[PDB]
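For this one, two forms of the same chain are given in structure tokens, first as structure 1 and then as structure 2.
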Structure 1
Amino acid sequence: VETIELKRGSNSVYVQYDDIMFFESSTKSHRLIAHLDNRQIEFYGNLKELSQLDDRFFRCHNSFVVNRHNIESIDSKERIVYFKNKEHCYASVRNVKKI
């Protein structure tokens, strides 16, 4: 499958890879953030491991692992990645053309 268990301590939520726009680490929380189509879900993980799950998952920034399949467009000058649900994240200079 392309099911991913988002571990949330006592409980987990299982989602499909392509439910995920991108994963985010935050300074506001000890957990990672899965950005789904219509909501965010926090969970325990690390971005390195998540990027290694599949070739669609790409570490473009210290804070973000993007799902390539859900990227709508990329602004290489501003280094903004746009997703199919209208969310965005950022990319480093080194990675923006590697997405």
Structure 2
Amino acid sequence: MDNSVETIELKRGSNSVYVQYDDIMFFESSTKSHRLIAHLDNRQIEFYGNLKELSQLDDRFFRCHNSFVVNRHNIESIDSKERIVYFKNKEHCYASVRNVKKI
């Protein structure tokens, strides 16, 4: 366990990936049921979990949409007119009409 930097355990079977919080740009729901995808700097990791629980982990993790939890620390900008969140790695995700202002 990495104790000096906050980390999350993402489980894909008996295999665990420990990922540092700020490696993660955002989580999105998978097209595969009950799975999420962690979008990291240059990789994506699919695992079992739920968005509600991740948002309760830490203030930096905010439910910006029914299908997205964003890491506030890795937001570069927001196009609040179109409701798009841009991240430091050049990815983007969507914010909902109801949540976008609260980011």
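Residues that one form lacks are left out of the comparison. The first residue in the sequence of structure 1 is number 1, and each one after it adds one. For the two forms, the rigid core is made up of the largest set of C-alpha atoms that agree within 1.5 Å on superposition.
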Query - Chain form deposited without the DNA, by structure number - result: 1
Report summary line: Of the residues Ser73, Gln52, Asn46, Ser29, superposed on the core between structures 1 and 2, only the C-alpha of one moves by 2 Å or more, and that residue is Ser29
Report summary line: Superposed on the core, the Cα displacement of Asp18 between structures 1 and 2 in Å comes to 0.2
Report summary line: Stretches of at least 3 common residues between structures 1 and 2 with C-alpha displacement of 2 Å or more post rigid core fit fall at 26-30
